[PDB]
Structure formats: C-alpha cells, structure tokens
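The data below hold one chain only, encoded as structure tokens and taken in the form deposited in one PDB entry.
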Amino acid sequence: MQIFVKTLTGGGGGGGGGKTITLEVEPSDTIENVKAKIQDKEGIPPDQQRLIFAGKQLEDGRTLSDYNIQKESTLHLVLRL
C-alpha cells in the first residue's frame, strides 16, 4: 500500500508546503516501522520524528490500521528535539 508523508508549512508562509514523499507500507505496519521508512528516505532519526494524522499524534506501537491510515493517506511529519 502507498501512503504519503508531508511536513508542516509553518506559520511563515511561502516555500511551498505540499511536497510529499511516498512510503510502501502494509496496514499492519507499526508507526515505529513507518518512522524507520521515513529515515531511509530523509535521514531523520526515528527519535526525532513525530507523526500526526487526523490532528492526532501517533503512538509508536499502534498499526496504520489502528489509526484508519489507508492507501493514499497523508501523514504529517514534525520534528521532535
């Protein structure tokens, strides 16, 4: 299944915002697995990633299906320092 990940626009305007990457996933993949797939594409360590869907921060041990994340769903990636 393919899903999309985008980052925040920020309260700064400009600079696009809509850019995405695509991930190949299964419904039974955990959020921790998804973070590892983002790391393969973008180099950002999983410890520094927060993922949001439907306005909610996603917990590592749940699966995509637990959050109703399906084909062509878009997750939002936010930095965690």
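All residue numbers refer to positions in the sequence shown, first residue = 1. For clarity, a rigid core is taken as the largest C-alpha set superposing within 1.5 Å between two forms.
The protein also exists as the form deposited with a partner chain bound; that form is not presented, and the subsequent description refers to it.
The closest heavy atom approach of residue 36 to the partner chain in the bound PDB entry falls outside 4.5 Å. Once the core is superposed between this form and the one not shown, every option in 9, 65, 57, 22 stays below 2 Å in C-alpha shift except 9.
Relative to the displayed conformation, the Cα-Cα distance from residue 18 to residue 46 shrinks by 3 Å or more in the bound PDB entry. In the bound PDB entry, the CA atoms of residue 18 and residue 71 sit farther apart than in the displayed form, by at least 3 angstroms.
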